[PDB]
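Shown below: my_file-v9.cif, with mmCIF, C-alpha atoms and all ligand atoms.
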data_upload
loop_
_atom_site.label_atom_id
_atom_site.label_comp_id
_atom_site.auth_asym_id
_atom_site.auth_seq_id
_atom_site.Cartn_x
_atom_site.Cartn_y
_atom_site.Cartn_z
CA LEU E 5 0.00 0.00 0.00
CA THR E 6 2.94 2.42 0.82
CA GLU E 7 5.34 3.51 -2.01
CA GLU E 8 8.10 1.94 0.20
CA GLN E 9 6.19 -1.41 -0.15
CA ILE E 10 5.29 -0.87 -3.90
CA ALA E 11 8.99 0.00 -4.71
CA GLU E 12 10.17 -3.20 -2.91
CA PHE E 13 7.59 -5.23 -4.96
CA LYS E 14 8.78 -3.37 -8.15
CA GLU E 15 12.42 -4.47 -7.34
CA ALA E 16 11.27 -8.17 -7.03
CA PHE E 17 9.34 -7.90 -10.36
CA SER E 18 12.60 -6.66 -12.01
CA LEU E 19 14.31 -9.94 -10.82
CA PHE E 20 11.78 -12.00 -12.96
CA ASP E 21 11.44 -9.54 -15.94
CA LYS E 22 15.15 -9.92 -17.00
CA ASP E 23 14.70 -8.40 -20.52
CA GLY E 24 12.90 -5.39 -18.90
CA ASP E 25 9.91 -5.55 -21.34
CA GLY E 26 7.38 -5.00 -18.45
CA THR E 27 5.98 -8.60 -18.59
CA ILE E 28 6.85 -11.95 -16.91
CA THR E 29 6.53 -14.98 -19.31
CA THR E 30 6.36 -18.74 -18.43
CA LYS E 31 9.98 -18.89 -19.76
CA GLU E 32 11.20 -16.12 -17.31
CA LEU E 33 9.35 -17.81 -14.40
CA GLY E 34 10.91 -21.26 -15.12
CA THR E 35 14.37 -19.62 -15.54
CA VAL E 36 14.10 -18.10 -12.00
CA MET E 37 12.67 -21.34 -10.51
CA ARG E 38 15.49 -23.50 -12.07
CA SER E 39 18.08 -21.16 -10.45
CA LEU E 40 16.30 -21.70 -7.02
CA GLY E 41 16.81 -25.52 -6.94
CA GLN E 42 13.28 -26.19 -8.35
CA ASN E 43 12.36 -28.23 -11.45
CA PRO E 44 8.86 -27.19 -12.65
CA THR E 45 7.09 -28.83 -15.65
CA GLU E 46 5.56 -26.63 -18.43
CA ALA E 47 2.07 -27.49 -17.05
CA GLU E 48 3.16 -26.26 -13.56
CA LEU E 49 4.56 -22.96 -15.08
CA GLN E 50 1.34 -22.46 -17.18
CA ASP E 51 -0.86 -23.14 -14.06
CA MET E 52 1.07 -20.50 -12.01
CA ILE E 53 0.83 -17.87 -14.84
CA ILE E 54 -2.98 -18.39 -15.42
CA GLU E 55 -3.65 -18.05 -11.62
CA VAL E 56 -2.00 -14.50 -11.64
CA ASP E 57 -2.83 -13.36 -15.24
CA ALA E 58 -5.98 -11.19 -14.63
CA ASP E 59 -6.44 -9.84 -18.25
CA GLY E 60 -5.56 -13.32 -19.71
CA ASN E 61 -2.93 -12.07 -22.26
CA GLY E 62 -0.61 -14.94 -21.08
CA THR E 63 2.06 -12.81 -19.31
CA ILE E 64 2.23 -11.07 -15.90
CA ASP E 65 2.50 -7.23 -15.90
CA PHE E 66 3.46 -5.20 -12.77
CA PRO E 67 -0.23 -4.40 -11.82
CA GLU E 68 -1.08 -8.19 -11.76
CA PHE E 69 2.13 -8.95 -9.82
CA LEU E 70 1.38 -6.13 -7.27
CA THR E 71 -2.21 -7.51 -6.74
CA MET E 72 -0.72 -11.01 -6.15
CA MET E 73 2.05 -9.63 -3.88
CA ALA E 74 -0.45 -7.51 -1.79
CA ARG E 75 -2.66 -10.61 -0.99
CA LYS E 76 -0.57 -12.60 1.62
CA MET E 77 2.78 -10.61 1.63
CA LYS E 78 2.93 -9.18 5.25
CA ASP E 79 4.84 -5.81 5.50
CA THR E 80 7.19 -6.99 2.64
CA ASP E 81 10.09 -4.52 3.34
CA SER E 82 13.93 -5.14 3.48
CA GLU E 83 13.81 -5.98 7.28
CA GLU E 84 10.68 -8.25 6.96
CA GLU E 85 12.28 -10.35 4.12
CA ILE E 86 15.43 -10.95 6.30
CA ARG E 87 13.14 -12.06 9.23
CA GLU E 88 11.00 -14.43 7.11
CA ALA E 89 14.22 -15.91 5.55
CA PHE E 90 15.62 -16.53 9.12
CA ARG E 91 12.34 -18.24 10.25
CA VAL E 92 12.52 -20.64 7.18
CA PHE E 93 16.29 -21.28 7.81
CA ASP E 94 15.76 -21.95 11.60
CA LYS E 95 13.90 -25.26 10.89
CA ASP E 96 13.58 -26.35 14.62
CA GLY E 97 12.52 -22.75 15.69
CA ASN E 98 15.04 -22.40 18.65
CA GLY E 99 16.18 -19.01 17.22
CA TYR E 100 19.59 -20.37 16.05
CA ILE E 101 20.84 -21.57 12.61
CA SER E 102 22.93 -24.75 13.07
CA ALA E 103 25.38 -26.25 10.51
CA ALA E 104 22.75 -29.03 9.71
CA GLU E 105 20.01 -26.36 9.10
CA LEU E 106 22.39 -24.35 6.80
CA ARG E 107 23.13 -27.57 4.79
CA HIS E 108 19.29 -28.09 4.40
CA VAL E 109 18.84 -24.45 3.15
CA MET E 110 21.74 -24.74 0.65
CA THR E 111 20.36 -28.07 -0.71
CA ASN E 112 16.79 -26.57 -0.84
CA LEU E 113 17.97 -23.47 -2.80
CA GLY E 114 20.20 -25.42 -5.29
CA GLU E 115 23.57 -24.32 -3.73
CA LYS E 116 26.47 -26.89 -3.76
CA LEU E 117 27.98 -27.25 -0.25
CA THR E 118 31.04 -28.51 1.64
CA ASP E 119 31.44 -28.94 5.44
CA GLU E 120 34.42 -26.47 5.18
CA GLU E 121 32.27 -23.79 3.45
CA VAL E 122 29.44 -24.21 6.04
CA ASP E 123 32.00 -24.10 8.94
CA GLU E 124 33.49 -20.82 7.44
CA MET E 125 29.97 -19.25 6.96
CA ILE E 126 29.08 -19.99 10.64
CA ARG E 127 32.58 -18.83 11.84
CA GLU E 128 32.30 -15.47 9.96
CA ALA E 129 28.71 -14.72 11.31
CA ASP E 130 29.07 -16.19 14.86
CA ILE E 131 29.72 -12.93 16.85
CA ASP E 132 28.98 -14.53 20.31
CA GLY E 133 31.06 -17.70 19.55
CA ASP E 134 28.28 -20.21 20.50
CA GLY E 135 28.82 -22.15 17.18
CA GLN E 136 25.36 -21.18 15.71
CA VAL E 137 23.90 -18.06 14.00
CA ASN E 138 21.18 -16.10 15.88
CA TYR E 139 18.92 -13.42 14.33
CA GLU E 140 21.21 -10.44 15.25
CA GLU E 141 24.22 -12.32 13.74
CA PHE E 142 22.11 -13.21 10.61
CA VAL E 143 21.03 -9.49 10.18
CA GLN E 144 24.69 -8.26 10.36
CA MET E 145 25.77 -10.72 7.63
CA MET E 146 22.76 -9.82 5.35
CA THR E 147 22.33 -6.00 5.71
CA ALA E 148 26.21 -5.90 5.49
CA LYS U 1 32.08 -16.09 2.35
CA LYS U 2 29.58 -13.20 3.03
CA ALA U 3 28.69 -13.42 -0.70
CA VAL U 4 27.20 -16.96 -0.08
CA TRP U 5 25.10 -15.61 2.88
CA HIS U 6 23.90 -12.88 0.43
CA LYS U 7 23.28 -15.50 -2.32
CA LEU U 8 21.11 -17.58 0.11
CA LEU U 9 19.04 -14.49 1.14
CA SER U 10 18.53 -13.47 -2.55
CA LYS U 11 17.54 -17.06 -3.47
CA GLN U 12 15.14 -17.38 -0.48
CA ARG U 13 13.52 -13.96 -1.36
CA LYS U 14 12.85 -15.34 -4.91
CA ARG U 15 11.36 -18.64 -3.54
CA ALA U 16 9.08 -16.56 -1.27
CA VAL U 17 7.88 -14.66 -4.43
CA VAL U 18 7.46 -17.96 -6.46
CA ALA U 19 5.27 -19.29 -3.60
CA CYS U 20 2.75 -16.33 -4.09
CA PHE U 21 1.98 -17.42 -7.74
CA CA E 201 9.98 -10.02 -19.61
CA CA E 202 -1.56 -10.24 -18.04
CA CA E 203 17.61 -24.04 14.78
CA CA E 204 26.19 -17.24 17.63
#

As structure tokens, how would this structure be written, given the file I've shared?
Ligand SMILES: [Ca+2]
Ligand SMILES: [Ca+2]
Ligand SMILES: [Ca+2]
Ligand SMILES: [Ca+2]
Amino acid sequence: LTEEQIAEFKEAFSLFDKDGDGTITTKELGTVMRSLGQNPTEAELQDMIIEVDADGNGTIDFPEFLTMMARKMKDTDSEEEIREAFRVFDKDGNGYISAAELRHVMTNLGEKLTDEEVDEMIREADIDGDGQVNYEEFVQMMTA
Amino acid sequence: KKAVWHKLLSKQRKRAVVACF
């Protein structure tokens, strides 16, 4: 509803509309999803486009995207996205990201891992030295 | 590497958008 919120939605739209032609195609959607560790079928991509495509021209313009984003988005600002990402990453909900939870996230998002890379990511974020990443430590890594 | 933390945030933001479709 705020321009702060609309601008943040506009930035996300720009991540799907790579060619900048003001529309998201089934091809652009699949491209993004295949970079995110997903493997959608054509039928799945078509089903997701039709559900959002209000005028029925077969692509998603910014007004259609904004409508979709407004229904079940929350605040959807830079801080809120970092919080929702932490809540997904903290699988057991204790308020700490463990090495096993980070491995699960990397696998989920299509990122190749090693124990040494995970150990180094925890080491560089772990301000209080408890061997896990809390919300404050996660923020500091992400904002900066 | 901080870059990989950033990569994970950017990827998770995109998955959160994909889930609204
Ligand atoms: Ca486009
Ligand atoms: Ca349309
Ligand atoms: Ca946890
Ligand atoms: Ca810690």

Point-to-point distance from atom CA of ligand CA 203 (chain E) to atom CA of residue 37 of chain E, Å rounded to tenths: 25.9 Å

Counting only C-alpha atoms, the residue of E:5, E:131, E:54, E:103 that sits nearest chain U: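 Closest to chain U of all the choices is E:54.
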
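Interatomic distance, atom CA of residue 55 of chain E to atom CA of residue 20 of chain E: 16.6 Å.
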
Nearest-residue call for chain U, choices E:137, E:74, E:101, E:52, using all atoms listed in the file: E:52

Between atom CA of residue 11 of chain E and atom CA of residue 13 of chain U, distance in Å (one decimal):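 Going from atom CA of residue 11 of chain E over to atom CA of residue 13 of chain U, I get 15.1 Å.
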
Surroundings of ligand CA 203 (chain E) up to 7 Å, based on all atoms listed in the file, as a PyMOL selection string: chain E and resi 94-102+105

Completion step: segment 35-52 of chain E with N, CA, C and O atoms as a CSV table (one decimal), in the frame of the given file:
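Contents of selection-v2.csv, as written:
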chain,number,residue,atom,x,y,z
E,35,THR,N,12.9,-20.0,-15.6
E,35,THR,CA,14.4,-19.6,-15.5
E,35,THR,C,14.7,-19.3,-14.1
E,35,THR,O,15.6,-19.9,-13.5
E,36,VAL,N,13.9,-18.5,-13.4
E,36,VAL,CA,14.1,-18.1,-12.0
E,36,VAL,C,14.0,-19.4,-11.2
E,36,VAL,O,14.8,-19.6,-10.3
E,37,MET,N,12.9,-20.2,-11.4
E,37,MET,CA,12.7,-21.3,-10.5
E,37,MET,C,13.8,-22.3,-10.7
E,37,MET,O,14.2,-22.9,-9.6
E,38,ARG,N,14.4,-22.5,-11.9
E,38,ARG,CA,15.5,-23.5,-12.1
E,38,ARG,C,16.8,-23.0,-11.4
E,38,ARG,O,17.6,-23.8,-11.0
E,39,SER,N,16.9,-21.7,-11.2
E,39,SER,CA,18.1,-21.2,-10.4
E,39,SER,C,17.9,-21.3,-8.9
E,39,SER,O,18.9,-21.1,-8.2
E,40,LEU,N,16.7,-21.7,-8.5
E,40,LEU,CA,16.3,-21.7,-7.0
E,40,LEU,C,16.2,-23.1,-6.5
E,40,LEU,O,15.7,-23.3,-5.4
E,41,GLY,N,16.8,-24.1,-7.3
E,41,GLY,CA,16.8,-25.5,-6.9
E,41,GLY,C,15.5,-26.2,-7.2
E,41,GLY,O,15.3,-27.3,-6.7
E,42,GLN,N,14.6,-25.6,-8.0
E,42,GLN,CA,13.3,-26.2,-8.4
E,42,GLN,C,13.4,-26.7,-9.8
E,42,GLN,O,14.3,-26.4,-10.5
E,43,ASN,N,12.4,-27.6,-10.1
E,43,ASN,CA,12.4,-28.2,-11.4
E,43,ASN,C,10.9,-28.3,-11.9
E,43,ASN,O,10.3,-29.4,-12.0
E,44,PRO,N,10.3,-27.2,-12.2
E,44,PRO,CA,8.9,-27.2,-12.6
E,44,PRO,C,8.7,-27.7,-14.1
E,44,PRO,O,9.5,-27.5,-14.9
E,45,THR,N,7.6,-28.4,-14.3
E,45,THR,CA,7.1,-28.8,-15.6
E,45,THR,C,6.4,-27.6,-16.3
E,45,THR,O,6.0,-26.7,-15.6
E,46,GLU,N,6.2,-27.7,-17.6
E,46,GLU,CA,5.6,-26.6,-18.4
E,46,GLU,C,4.2,-26.4,-17.9
E,46,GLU,O,3.8,-25.2,-17.7
E,47,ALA,N,3.4,-27.5,-17.6
E,47,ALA,CA,2.1,-27.5,-17.0
E,47,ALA,C,2.1,-26.8,-15.7
E,47,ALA,O,1.1,-26.0,-15.5
E,48,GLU,N,3.1,-27.0,-14.9
E,48,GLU,CA,3.2,-26.3,-13.6
E,48,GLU,C,3.3,-24.8,-13.9
E,48,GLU,O,2.6,-24.0,-13.3
E,49,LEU,N,4.3,-24.4,-14.8
E,49,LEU,CA,4.6,-23.0,-15.1
E,49,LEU,C,3.3,-22.3,-15.6
E,49,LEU,O,2.9,-21.2,-15.2
E,50,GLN,N,2.6,-23.0,-16.6
E,50,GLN,CA,1.3,-22.5,-17.2
E,50,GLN,C,0.3,-22.2,-16.1
E,50,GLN,O,-0.3,-21.2,-16.1
E,51,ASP,N,0.1,-23.2,-15.2
E,51,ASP,CA,-0.9,-23.1,-14.1
E,51,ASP,C,-0.6,-21.9,-13.1
E,51,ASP,O,-1.6,-21.3,-12.7
E,52,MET,N,0.7,-21.6,-12.9
E,52,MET,CA,1.1,-20.5,-12.0
E,52,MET,C,0.8,-19.2,-12.7
E,52,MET,O,0.3,-18.2,-12.1
